[PDB]
file target-v8.txt (compact mmCIF, C-alpha atoms and all ligand atoms)
# COMPACT_ATOMS: atom_id res chain seq x y z
CA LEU X 12 30.23 -23.94 -15.85
CA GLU X 13 28.22 -20.59 -15.57
CA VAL X 14 25.82 -20.16 -18.65
CA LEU X 15 26.40 -16.93 -20.70
CA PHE X 16 23.90 -14.13 -21.48
CA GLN X 17 21.41 -15.20 -18.80
CA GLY X 18 22.30 -12.91 -16.03
CA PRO X 19 19.85 -9.82 -14.78
CA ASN X 20 19.46 -7.08 -17.47
CA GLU X 21 19.51 -3.34 -16.96
CA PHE X 22 15.88 -3.19 -15.70
CA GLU X 23 16.95 -4.97 -12.51
CA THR X 24 18.99 -1.95 -11.40
CA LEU X 25 16.69 0.83 -10.25
CA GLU X 26 17.14 4.43 -9.05
CA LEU X 27 17.13 4.25 -5.26
CA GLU X 28 13.89 6.31 -5.12
CA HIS X 29 12.19 3.72 -7.40
CA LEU X 30 13.50 0.86 -5.30
CA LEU X 31 12.05 2.55 -2.20
CA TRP X 32 8.61 2.66 -3.86
CA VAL X 33 9.01 -1.10 -4.67
CA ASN X 34 10.02 -1.73 -1.01
CA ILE X 35 6.98 0.30 0.36
CA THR X 36 4.62 -1.59 -2.02
CA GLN X 37 6.00 -4.96 -1.01
CA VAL X 38 5.91 -4.36 2.74
CA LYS X 39 2.39 -2.90 2.49
CA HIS X 40 1.32 -6.09 0.61
CA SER X 41 3.03 -8.67 2.83
CA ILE X 42 1.82 -7.09 6.12
CA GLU X 43 -1.73 -6.59 4.85
CA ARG X 44 -1.96 -10.21 3.61
CA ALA X 45 -0.76 -11.73 6.93
CA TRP X 46 -2.81 -9.28 9.11
CA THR X 47 -5.94 -9.85 7.00
CA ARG X 48 -5.76 -13.59 7.49
CA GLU X 49 -5.35 -13.24 11.30
CA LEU X 50 -8.39 -11.02 11.41
CA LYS X 51 -10.56 -13.16 9.07
CA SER X 52 -12.94 -14.27 11.86
CA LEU X 53 -13.87 -10.64 12.40
CA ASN X 54 -14.38 -10.12 8.62
CA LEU X 55 -12.23 -6.95 8.47
CA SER X 56 -10.19 -5.53 5.68
CA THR X 57 -7.44 -3.04 6.54
CA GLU X 58 -9.68 -0.16 5.31
CA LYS X 59 -12.72 -1.27 7.32
CA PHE X 60 -10.55 -1.52 10.44
CA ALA X 61 -9.10 1.97 9.63
CA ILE X 62 -12.63 3.40 9.37
CA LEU X 63 -13.64 1.76 12.69
CA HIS X 64 -10.47 3.21 14.29
CA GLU X 65 -11.04 6.71 12.90
CA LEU X 66 -14.70 6.69 14.04
CA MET X 67 -13.58 5.52 17.53
CA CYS X 68 -11.23 8.57 17.69
CA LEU X 69 -14.28 10.69 16.78
CA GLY X 70 -16.27 9.19 19.70
CA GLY X 71 -18.21 6.59 17.61
CA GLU X 72 -20.24 9.15 15.61
CA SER X 73 -19.46 11.60 12.84
CA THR X 74 -20.49 12.64 9.28
CA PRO X 75 -19.10 11.29 5.97
CA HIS X 76 -17.27 14.64 5.36
CA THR X 77 -15.55 14.84 8.75
CA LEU X 78 -14.49 11.16 8.54
CA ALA X 79 -13.14 11.76 4.93
CA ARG X 80 -11.07 14.76 6.15
CA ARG X 81 -9.49 12.75 9.00
CA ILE X 82 -8.44 9.69 6.96
CA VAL X 83 -6.00 9.32 4.04
CA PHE X 84 -8.32 7.41 1.62
CA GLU X 85 -10.38 9.00 -1.21
CA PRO X 86 -13.91 10.07 -0.19
CA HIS X 87 -15.61 7.86 -2.84
CA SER X 88 -13.66 4.84 -1.45
CA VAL X 89 -14.57 5.74 2.05
CA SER X 90 -18.28 6.06 1.10
CA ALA X 91 -18.24 2.63 -0.62
CA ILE X 92 -16.64 1.06 2.46
CA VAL X 93 -19.04 2.78 4.82
CA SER X 94 -22.04 1.37 2.77
CA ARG X 95 -20.63 -2.14 2.93
CA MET X 96 -20.14 -1.63 6.73
CA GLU X 97 -23.74 -0.41 6.95
CA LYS X 98 -24.90 -3.60 5.20
CA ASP X 99 -23.01 -5.60 7.79
CA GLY X 100 -24.61 -3.86 10.77
CA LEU X 101 -21.33 -1.95 11.65
CA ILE X 102 -22.58 1.52 10.73
CA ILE X 103 -25.91 3.17 11.34
CA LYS X 104 -26.75 6.09 9.01
CA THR X 105 -29.35 8.56 10.10
CA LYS X 106 -30.85 11.58 8.38
CA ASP X 107 -29.81 14.65 10.34
CA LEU X 108 -33.02 16.34 11.71
CA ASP X 109 -33.86 19.38 9.53
CA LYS X 110 -30.27 19.59 8.00
CA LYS X 111 -31.70 18.10 4.76
CA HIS X 112 -29.46 15.64 2.77
CA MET X 113 -26.95 15.63 5.66
CA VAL X 114 -26.21 12.16 7.05
CA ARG X 115 -24.83 11.10 10.45
CA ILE X 116 -22.78 7.91 10.68
CA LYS X 117 -22.45 5.99 13.99
CA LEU X 118 -20.82 2.78 15.07
CA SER X 119 -23.24 0.14 16.31
CA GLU X 120 -22.51 -1.68 19.63
CA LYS X 121 -21.49 -4.68 17.51
CA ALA X 122 -18.92 -2.53 15.67
CA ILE X 123 -17.52 -1.13 18.87
CA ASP X 124 -17.20 -4.66 20.32
CA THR X 125 -15.52 -5.81 17.08
CA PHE X 126 -13.11 -2.89 17.20
CA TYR X 127 -12.17 -3.78 20.82
CA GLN X 128 -11.31 -7.32 19.72
CA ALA X 129 -9.56 -6.34 16.44
CA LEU X 130 -7.42 -3.69 18.15
CA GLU X 131 -6.07 -6.16 20.69
CA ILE X 132 -5.24 -8.79 17.98
CA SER X 133 -3.76 -6.09 15.64
CA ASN X 134 -1.37 -4.83 18.33
CA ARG X 135 -0.04 -8.38 18.80
CA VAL X 136 0.19 -8.98 15.02
CA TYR X 137 2.17 -5.75 14.27
CA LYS X 138 4.46 -6.29 17.20
CA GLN X 139 5.39 -9.88 16.19
CA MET X 140 5.78 -8.67 12.55
CA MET X 141 8.20 -5.96 13.50
CA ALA X 142 10.19 -7.75 16.29
CA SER X 143 13.22 -7.96 13.95
CA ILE X 144 13.77 -4.20 13.88
CA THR X 145 14.98 -2.30 16.93
CA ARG X 146 13.24 0.43 18.87
CA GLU X 147 15.64 2.92 17.24
CA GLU X 148 15.07 1.59 13.75
CA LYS X 149 11.28 1.84 14.38
CA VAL X 150 11.55 5.46 15.60
CA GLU X 151 13.62 6.48 12.60
CA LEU X 152 11.34 4.56 10.15
CA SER X 153 8.33 6.56 11.44
CA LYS X 154 10.28 9.82 11.12
CA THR X 155 11.37 9.18 7.56
CA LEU X 156 7.92 7.87 6.47
CA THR X 157 6.37 10.97 8.09
CA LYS X 158 8.61 13.25 6.07
CA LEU X 159 7.69 11.40 2.88
CA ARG X 160 4.00 11.67 3.79
CA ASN X 161 4.24 15.43 4.54
CA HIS X 162 6.05 16.15 1.24
CA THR X 163 3.77 13.95 -0.97
CA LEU X 164 0.24 14.27 0.48
CA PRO X 165 -0.03 18.03 -0.57
CA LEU X 166 0.80 17.14 -4.18
CA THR X 167 -2.78 15.86 -4.52
CA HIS X 168 -4.51 16.79 -1.26
CA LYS X 169 -4.76 20.56 -1.12
CA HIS X 170 -6.30 21.43 2.27
CA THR X 171 -8.72 18.59 1.87
CA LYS X 172 -7.11 16.51 4.68
CA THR X 173 -6.54 17.20 8.34
CA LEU X 174 -5.09 13.77 9.21
CA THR X 175 -5.63 12.38 12.73
CA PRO X 176 -2.58 13.38 14.79
CA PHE X 177 -1.73 9.91 16.07
CA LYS X 178 0.89 9.69 18.83
CA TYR X 179 2.90 6.86 20.37
CA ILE X 180 4.83 6.85 23.84
CA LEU R 12 -10.65 29.89 27.04
CA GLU R 13 -9.81 26.19 26.09
CA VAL R 14 -13.08 24.03 25.93
CA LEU R 15 -13.12 20.97 28.29
CA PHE R 16 -13.57 17.27 27.39
CA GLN R 17 -12.89 17.79 23.67
CA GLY R 18 -9.32 16.86 23.45
CA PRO R 19 -7.99 13.43 21.56
CA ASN R 20 -9.14 10.21 23.37
CA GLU R 21 -7.10 7.11 24.05
CA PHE R 22 -7.51 5.73 20.48
CA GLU R 23 -5.27 8.51 19.18
CA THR R 24 -2.24 7.04 20.97
CA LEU R 25 -1.07 3.92 19.18
CA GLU R 26 1.63 1.27 19.77
CA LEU R 27 4.60 2.36 17.67
CA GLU R 28 4.27 -0.79 15.50
CA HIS R 29 0.62 0.18 14.72
CA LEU R 30 1.63 3.74 13.94
CA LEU R 31 4.25 2.40 11.52
CA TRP R 32 1.55 0.43 9.67
CA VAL R 33 -0.54 3.67 9.51
CA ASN R 34 2.55 5.55 8.19
CA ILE R 35 3.28 2.81 5.50
CA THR R 36 -0.41 2.87 4.42
CA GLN R 37 -0.48 6.64 4.17
CA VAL R 38 2.76 6.99 2.22
CA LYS R 39 1.74 4.15 -0.13
CA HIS R 40 -1.58 6.01 -0.76
CA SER R 41 -0.19 9.53 -1.21
CA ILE R 42 2.64 8.45 -3.57
CA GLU R 43 0.37 6.18 -5.63
CA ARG R 44 -2.27 8.93 -6.03
CA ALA R 45 0.25 11.57 -7.22
CA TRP R 46 2.21 9.09 -9.45
CA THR R 47 -1.01 7.74 -10.97
CA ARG R 48 -2.14 11.19 -12.01
CA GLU R 49 1.24 11.99 -13.65
CA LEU R 50 1.04 8.78 -15.61
CA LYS R 51 -2.65 9.15 -16.62
CA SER R 52 -1.85 9.77 -20.32
CA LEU R 53 -0.24 6.34 -20.47
CA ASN R 54 -3.27 4.75 -18.71
CA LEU R 55 -1.15 2.88 -16.12
CA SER R 56 -1.97 1.84 -12.62
CA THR R 57 0.92 1.06 -10.27
CA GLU R 58 0.25 -2.71 -10.70
CA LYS R 59 0.15 -2.55 -14.51
CA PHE R 60 3.45 -0.64 -14.50
CA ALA R 61 4.88 -3.25 -12.05
CA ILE R 62 3.83 -6.07 -14.39
CA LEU R 63 5.40 -4.27 -17.40
CA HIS R 64 8.60 -3.77 -15.36
CA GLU R 65 8.75 -7.41 -14.21
CA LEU R 66 8.16 -8.68 -17.78
CA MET R 67 10.92 -6.32 -19.05
CA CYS R 68 13.32 -7.94 -16.49
CA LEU R 69 12.25 -11.31 -17.94
CA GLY R 70 13.15 -10.14 -21.49
CA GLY R 71 9.56 -9.22 -22.55
CA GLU R 72 8.21 -12.81 -22.48
CA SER R 73 7.35 -15.28 -19.76
CA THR R 74 4.51 -17.50 -18.42
CA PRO R 75 1.83 -16.54 -15.85
CA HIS R 76 3.52 -18.82 -13.22
CA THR R 77 7.04 -17.42 -13.61
CA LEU R 78 5.74 -13.82 -13.54
CA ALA R 79 3.63 -14.65 -10.36
CA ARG R 80 6.74 -16.07 -8.62
CA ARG R 81 8.83 -12.95 -9.37
CA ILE R 82 6.30 -10.34 -8.18
CA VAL R 83 4.79 -9.69 -4.73
CA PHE R 84 1.08 -9.61 -5.76
CA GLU R 85 -1.37 -12.57 -5.50
CA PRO R 86 -1.53 -14.76 -8.63
CA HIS R 87 -5.31 -14.22 -9.12
CA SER R 88 -4.68 -10.42 -9.03
CA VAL R 89 -1.85 -10.73 -11.44
CA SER R 90 -4.00 -12.83 -13.84
CA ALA R 91 -6.84 -10.25 -13.71
CA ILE R 92 -4.37 -7.45 -14.47
CA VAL R 93 -2.72 -9.39 -17.26
CA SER R 94 -6.20 -9.95 -18.91
CA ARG R 95 -7.00 -6.26 -18.72
CA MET R 96 -3.52 -5.56 -20.26
CA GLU R 97 -4.30 -8.11 -22.97
CA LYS R 98 -7.55 -6.27 -23.74
CA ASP R 99 -5.54 -3.08 -24.11
CA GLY R 100 -3.05 -4.55 -26.57
CA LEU R 101 -0.19 -4.58 -23.94
CA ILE R 102 0.05 -8.36 -23.60
CA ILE R 103 -0.12 -11.08 -26.21
CA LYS R 104 -1.08 -14.55 -24.92
CA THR R 105 -0.21 -17.54 -27.00
CA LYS R 106 -0.91 -21.24 -26.53
CA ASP R 107 2.40 -22.98 -26.01
CA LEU R 108 2.91 -25.49 -28.92
CA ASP R 109 2.12 -29.03 -27.67
CA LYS R 110 2.45 -28.05 -23.90
CA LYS R 111 -1.39 -28.15 -23.68
CA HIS R 112 -3.13 -25.54 -21.39
CA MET R 113 0.22 -23.76 -20.93
CA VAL R 114 0.16 -20.08 -21.94
CA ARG R 115 3.01 -17.73 -22.92
CA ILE R 116 2.66 -14.02 -22.18
CA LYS R 117 4.64 -11.40 -24.16
CA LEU R 118 4.80 -7.64 -24.22
CA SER R 119 3.68 -6.08 -27.48
CA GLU R 120 5.88 -3.38 -29.13
CA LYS R 121 3.30 -0.85 -27.90
CA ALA R 122 3.79 -2.07 -24.31
CA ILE R 123 7.54 -1.90 -24.57
CA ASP R 124 7.33 1.66 -25.96
CA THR R 125 4.92 2.59 -23.14
CA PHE R 126 7.25 1.11 -20.55
CA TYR R 127 10.17 3.17 -21.96
CA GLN R 128 8.12 6.35 -21.54
CA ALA R 129 6.61 5.44 -18.13
CA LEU R 130 10.01 4.47 -16.67
CA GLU R 131 11.54 7.82 -17.56
CA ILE R 132 8.57 9.80 -16.08
CA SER R 133 8.45 7.52 -12.96
CA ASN R 134 12.13 8.10 -12.17
CA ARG R 135 11.53 11.88 -12.23
CA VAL R 136 8.33 11.57 -10.15
CA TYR R 137 9.92 9.42 -7.36
CA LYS R 138 12.98 11.59 -7.23
CA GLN R 139 11.02 14.86 -6.81
CA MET R 140 8.76 13.09 -4.24
CA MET R 141 11.68 12.00 -2.14
CA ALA R 142 13.98 15.09 -2.48
CA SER R 143 13.24 16.01 1.17
CA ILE R 144 15.02 12.95 2.58
CA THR R 145 18.78 12.56 2.37
CA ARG R 146 20.81 9.92 0.59
CA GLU R 147 21.54 8.38 4.01
CA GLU R 148 17.92 8.44 5.11
CA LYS R 149 16.99 6.76 1.78
CA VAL R 150 19.63 4.02 2.22
CA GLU R 151 18.50 3.29 5.76
CA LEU R 152 14.77 3.38 4.77
CA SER R 153 15.43 0.66 2.14
CA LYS R 154 17.37 -1.42 4.69
CA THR R 155 14.68 -1.27 7.32
CA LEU R 156 11.83 -1.87 4.81
CA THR R 157 13.82 -4.83 3.45
CA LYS R 158 14.09 -6.35 6.90
CA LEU R 159 10.35 -5.92 7.43
CA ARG R 160 9.69 -7.51 4.03
CA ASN R 161 12.00 -10.50 4.75
CA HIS R 162 10.39 -11.15 8.16
CA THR R 163 6.74 -10.76 6.97
CA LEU R 164 6.60 -12.19 3.43
CA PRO R 165 7.25 -15.84 4.70
CA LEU R 166 4.30 -15.59 7.10
CA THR R 167 2.02 -16.09 4.08
CA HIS R 168 4.33 -16.85 1.16
CA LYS R 169 5.96 -20.20 1.81
CA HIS R 170 8.43 -20.78 -1.05
CA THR R 171 5.90 -19.45 -3.48
CA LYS R 172 7.93 -16.26 -4.21
CA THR R 173 11.41 -15.72 -5.56
CA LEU R 174 11.23 -11.90 -5.70
CA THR R 175 13.25 -10.06 -8.38
CA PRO R 176 16.59 -9.12 -6.79
CA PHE R 177 16.48 -5.42 -7.63
CA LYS R 178 19.68 -3.43 -7.07
CA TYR R 179 20.54 0.27 -6.97
CA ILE R 180 24.11 1.95 -7.30
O1 LIG B 1 -6.32 5.85 9.48
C1 LIG B 1 -5.98 4.64 9.94
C2 LIG B 1 -6.29 4.19 11.23
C3 LIG B 1 -5.86 2.93 11.63
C4 LIG B 1 -5.14 2.08 10.76
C5 LIG B 1 -4.83 2.59 9.49
CL1 LIG B 1 -3.86 1.70 8.31
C6 LIG B 1 -5.23 3.86 9.07
CL2 LIG B 1 -4.84 4.50 7.38
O1 LIG B 2 7.55 -5.48 -8.77
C1 LIG B 2 7.55 -4.16 -9.04
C2 LIG B 2 8.27 -3.59 -10.10
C3 LIG B 2 8.22 -2.21 -10.28
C4 LIG B 2 7.46 -1.37 -9.44
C5 LIG B 2 6.78 -2.00 -8.38
CL1 LIG B 2 5.84 -1.10 -7.18
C6 LIG B 2 6.82 -3.38 -8.16
CL2 LIG B 2 5.89 -4.18 -6.78

call {"tool": "encode", "arguments": {"input": "target-v8.txt", "output": "structure tokens"}}
result
Amino acid sequence: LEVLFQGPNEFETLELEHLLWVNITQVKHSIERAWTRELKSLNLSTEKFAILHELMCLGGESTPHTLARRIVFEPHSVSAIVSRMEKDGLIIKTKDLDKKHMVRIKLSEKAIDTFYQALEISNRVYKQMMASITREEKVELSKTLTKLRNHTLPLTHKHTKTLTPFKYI
Amino acid sequence: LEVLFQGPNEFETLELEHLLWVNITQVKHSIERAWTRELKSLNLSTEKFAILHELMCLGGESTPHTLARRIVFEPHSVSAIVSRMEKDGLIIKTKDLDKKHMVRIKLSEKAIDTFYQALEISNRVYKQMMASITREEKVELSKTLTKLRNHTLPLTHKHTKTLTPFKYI
């Protein structure tokens, strides 16, 4: 009954470390896709929401260099996203007085109101997405991911990042 | 000595489910950045390598729709990447005989040789990246990520994916 010579080939067995990269990539994609659709009426991408969040931790105002240091993304990516947010009335850029060529970036009241709304929806989205894993699995998942982050980030970010020390209770 | 009113505000404490999304995003970014630089002399992005890998599991030849079903990414993304790979001599597209408007996609010998090389480097890269977590932590990390994937993928992919059943030993 079973056809011959059709079954998976050797490229379907991976080193476990390679399978973990596949698993990270797939989870990142499936969560982002579902979250992005729930948040469509606020017009946010995951990176725009990240930048709103980071600026909120910085009190709503900062400079491109301080923001870039606090967040994982590349500075050129961050500057492109910030310009798009500026176009959309989310970010106000002002020439620092006297400090020539230095820019200040500030969330508008619209951005802050959007962040309010998007944070409350996002909490609900991530909680329903992760309801199938236990509190203990969640704690361990953050510990292992944090180890991976701490061992890999310095391979290409040499003192250029001081990532926001997020906590949970 | 310690300055007042300067310390993190309430946006630096997250729900654990939100912190896990931050942790997934950060690990995905730090691993991709370091891997992409090691693989620069083959000119591969993580998605191009993924598409080479998936086509290798399919025996080097397939159609855009079968490839799209096997892989996590959106079909329009996959088609853009495939066209870029075609430009680079990695993919050959041929009009199916008689089956009008149907396309076959096939890895060139150059692509297959590149995949060979990139797979061997990638195994070494992911292993050195993950040497700080144990075999048991790695096994559990894949199990938890797999649960997250299985609960979230169907929120936006309704029977449209039959993901490649990758194994490890
Ligand atoms: O830096 C962040 C803040 C909130 C969400 C996310 Cl994904 C990130 Cl990377
Ligand atoms: O589908 C895949 C095959 C190899 C590597 C990766 Cl990241 C993916 Cl998503």

call {"tool": "calpha_fit_and_write", "arguments": {"input": "target-v8.txt", "fixed": "chain X", "moving": "chain R", "output": "short mmCIF file (atom, residue, chain, number, x, y, z; two decimals) with C-alpha atoms, in the frame of the given file"}}
result
data_model
loop_
_atom_site.label_atom_id
_atom_site.label_comp_id
_atom_site.auth_asym_id
_atom_site.auth_seq_id
_atom_site.Cartn_x
_atom_site.Cartn_y
_atom_site.Cartn_z
CA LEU R 12 30.23 -23.94 -15.85
CA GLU R 13 28.22 -20.59 -15.57
CA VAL R 14 25.83 -20.16 -18.64
CA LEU R 15 26.40 -16.93 -20.70
CA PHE R 16 23.91 -14.13 -21.48
CA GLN R 17 21.41 -15.20 -18.80
CA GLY R 18 22.30 -12.92 -16.03
CA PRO R 19 19.85 -9.83 -14.78
CA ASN R 20 19.46 -7.07 -17.47
CA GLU R 21 19.51 -3.34 -16.96
CA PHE R 22 15.88 -3.19 -15.70
CA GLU R 23 16.94 -4.96 -12.51
CA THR R 24 18.99 -1.95 -11.40
CA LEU R 25 16.69 0.83 -10.25
CA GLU R 26 17.14 4.43 -9.04
CA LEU R 27 17.13 4.24 -5.25
CA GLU R 28 13.89 6.31 -5.12
CA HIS R 29 12.19 3.71 -7.40
CA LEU R 30 13.50 0.86 -5.29
CA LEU R 31 12.05 2.55 -2.21
CA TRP R 32 8.61 2.66 -3.86
CA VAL R 33 9.01 -1.10 -4.67
CA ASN R 34 10.02 -1.73 -1.01
CA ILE R 35 6.98 0.31 0.36
CA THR R 36 4.62 -1.59 -2.01
CA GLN R 37 6.01 -4.96 -1.01
CA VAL R 38 5.91 -4.35 2.74
CA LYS R 39 2.38 -2.90 2.49
CA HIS R 40 1.31 -6.09 0.61
CA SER R 41 3.03 -8.67 2.83
CA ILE R 42 1.82 -7.09 6.12
CA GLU R 43 -1.74 -6.60 4.85
CA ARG R 44 -1.96 -10.22 3.61
CA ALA R 45 -0.76 -11.72 6.93
CA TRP R 46 -2.81 -9.27 9.10
CA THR R 47 -5.94 -9.85 7.00
CA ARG R 48 -5.76 -13.59 7.50
CA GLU R 49 -5.35 -13.24 11.30
CA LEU R 50 -8.39 -11.01 11.41
CA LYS R 51 -10.55 -13.16 9.07
CA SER R 52 -12.94 -14.27 11.87
CA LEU R 53 -13.87 -10.63 12.40
CA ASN R 54 -14.38 -10.11 8.62
CA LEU R 55 -12.22 -6.94 8.48
CA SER R 56 -10.19 -5.53 5.67
CA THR R 57 -7.44 -3.04 6.54
CA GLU R 58 -9.68 -0.16 5.31
CA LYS R 59 -12.72 -1.27 7.33
CA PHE R 60 -10.54 -1.52 10.45
CA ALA R 61 -9.10 1.97 9.64
CA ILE R 62 -12.62 3.40 9.36
CA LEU R 63 -13.64 1.77 12.69
CA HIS R 64 -10.47 3.20 14.29
CA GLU R 65 -11.04 6.71 12.90
CA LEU R 66 -14.70 6.69 14.04
CA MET R 67 -13.58 5.51 17.53
CA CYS R 68 -11.23 8.57 17.68
CA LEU R 69 -14.28 10.69 16.78
CA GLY R 70 -16.27 9.19 19.71
CA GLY R 71 -18.20 6.59 17.61
CA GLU R 72 -20.24 9.15 15.61
CA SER R 73 -19.46 11.60 12.84
CA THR R 74 -20.49 12.64 9.29
CA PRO R 75 -19.11 11.29 5.98
CA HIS R 76 -17.27 14.64 5.36
CA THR R 77 -15.54 14.83 8.75
CA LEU R 78 -14.48 11.16 8.55
CA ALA R 79 -13.14 11.76 4.93
CA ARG R 80 -11.07 14.75 6.15
CA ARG R 81 -9.48 12.75 9.00
CA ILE R 82 -8.44 9.69 6.96
CA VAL R 83 -6.00 9.32 4.04
CA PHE R 84 -8.32 7.41 1.62
CA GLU R 85 -10.38 9.00 -1.21
CA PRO R 86 -13.90 10.07 -0.19
CA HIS R 87 -15.61 7.86 -2.84
CA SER R 88 -13.65 4.85 -1.45
CA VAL R 89 -14.57 5.74 2.06
CA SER R 90 -18.28 6.06 1.10
CA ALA R 91 -18.24 2.63 -0.62
CA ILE R 92 -16.64 1.06 2.46
CA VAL R 93 -19.04 2.78 4.82
CA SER R 94 -22.03 1.37 2.77
CA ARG R 95 -20.63 -2.14 2.93
CA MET R 96 -20.14 -1.63 6.74
CA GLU R 97 -23.74 -0.41 6.94
CA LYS R 98 -24.90 -3.59 5.19
CA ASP R 99 -23.01 -5.60 7.79
CA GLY R 100 -24.60 -3.85 10.77
CA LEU R 101 -21.33 -1.96 11.64
CA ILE R 102 -22.57 1.51 10.73
CA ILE R 103 -25.91 3.17 11.33
CA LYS R 104 -26.75 6.09 9.01
CA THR R 105 -29.35 8.55 10.11
CA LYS R 106 -30.84 11.59 8.38
CA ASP R 107 -29.81 14.65 10.34
CA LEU R 108 -33.03 16.34 11.71
CA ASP R 109 -33.86 19.38 9.53
CA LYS R 110 -30.27 19.59 8.00
CA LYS R 111 -31.70 18.09 4.77
CA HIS R 112 -29.45 15.64 2.77
CA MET R 113 -26.95 15.64 5.65
CA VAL R 114 -26.21 12.16 7.05
CA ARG R 115 -24.83 11.10 10.45
CA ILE R 116 -22.78 7.90 10.68
CA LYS R 117 -22.45 5.99 13.98
CA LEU R 118 -20.82 2.77 15.06
CA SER R 119 -23.24 0.14 16.30
CA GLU R 120 -22.51 -1.67 19.63
CA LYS R 121 -21.49 -4.68 17.50
CA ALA R 122 -18.92 -2.53 15.66
CA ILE R 123 -17.52 -1.13 18.87
CA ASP R 124 -17.20 -4.66 20.32
CA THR R 125 -15.52 -5.81 17.08
CA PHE R 126 -13.11 -2.89 17.20
CA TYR R 127 -12.17 -3.78 20.82
CA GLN R 128 -11.31 -7.32 19.72
CA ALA R 129 -9.57 -6.34 16.44
CA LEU R 130 -7.42 -3.68 18.15
CA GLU R 131 -6.07 -6.16 20.69
CA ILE R 132 -5.25 -8.79 17.98
CA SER R 133 -3.76 -6.09 15.64
CA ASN R 134 -1.37 -4.83 18.32
CA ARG R 135 -0.04 -8.39 18.80
CA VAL R 136 0.19 -8.98 15.02
CA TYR R 137 2.17 -5.75 14.27
CA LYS R 138 4.45 -6.29 17.19
CA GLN R 139 5.39 -9.87 16.19
CA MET R 140 5.78 -8.67 12.55
CA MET R 141 8.20 -5.96 13.50
CA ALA R 142 10.19 -7.74 16.29
CA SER R 143 13.22 -7.97 13.95
CA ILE R 144 13.77 -4.20 13.88
CA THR R 145 14.98 -2.30 16.92
CA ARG R 146 13.24 0.43 18.87
CA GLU R 147 15.64 2.92 17.24
CA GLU R 148 15.07 1.59 13.74
CA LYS R 149 11.28 1.83 14.38
CA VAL R 150 11.55 5.46 15.60
CA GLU R 151 13.62 6.47 12.60
CA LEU R 152 11.34 4.56 10.15
CA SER R 153 8.32 6.56 11.44
CA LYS R 154 10.28 9.82 11.11
CA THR R 155 11.36 9.19 7.56
CA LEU R 156 7.92 7.87 6.48
CA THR R 157 6.37 10.97 8.09
CA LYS R 158 8.61 13.25 6.07
CA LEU R 159 7.69 11.40 2.88
CA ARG R 160 4.00 11.67 3.79
CA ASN R 161 4.24 15.44 4.53
CA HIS R 162 6.05 16.15 1.24
CA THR R 163 3.76 13.95 -0.97
CA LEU R 164 0.24 14.27 0.48
CA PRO R 165 -0.03 18.03 -0.57
CA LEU R 166 0.80 17.14 -4.18
CA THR R 167 -2.78 15.86 -4.51
CA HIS R 168 -4.51 16.79 -1.26
CA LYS R 169 -4.76 20.57 -1.12
CA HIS R 170 -6.30 21.43 2.27
CA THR R 171 -8.72 18.59 1.87
CA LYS R 172 -7.11 16.51 4.68
CA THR R 173 -6.54 17.20 8.34
CA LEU R 174 -5.09 13.77 9.21
CA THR R 175 -5.64 12.37 12.73
CA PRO R 176 -2.59 13.38 14.79
CA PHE R 177 -1.72 9.91 16.07
CA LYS R 178 0.89 9.68 18.83
CA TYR R 179 2.91 6.86 20.37
CA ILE R 180 4.82 6.84 23.84
#

call {"tool": "closest_residue", "arguments": {"input": "target-v8.txt", "among": "X:74, X:133, X:41, X:90", "to": "ligand LIG 1 (chain B)", "atoms": "all atoms listed in the file"}}
result
X:133

call {"tool": "closest_residue", "arguments": {"input": "target-v8.txt", "among": "X:43, X:36, X:120, X:53", "to": "residue 82 in chain R", "atoms": "all atoms listed in the file"}}
result
X:36

call {"tool": "interface_residues", "arguments": {"input": "target-v8.txt", "of": "chain R", "to": "chain X", "cutoff": "8 Å", "atoms": "all atoms listed in the file", "output": "ChimeraX atom specification"}}
result
/R:19-32,34-42,44-45,64,67-68,83-84,133-134,137-138,140-141,143-144,148-150,152-153,155-160,162-164,166-167,175-180

call {"tool": "residues_around", "arguments": {"input": "target-v8.txt", "residues": "range 95-101 of chain X", "least_positions_apart": "3", "cutoff": "6 Å", "atoms": "all atoms listed in the file", "output": "JSON, numbers by chain"}}
result
{"X": [92, 118, 119, 122]}
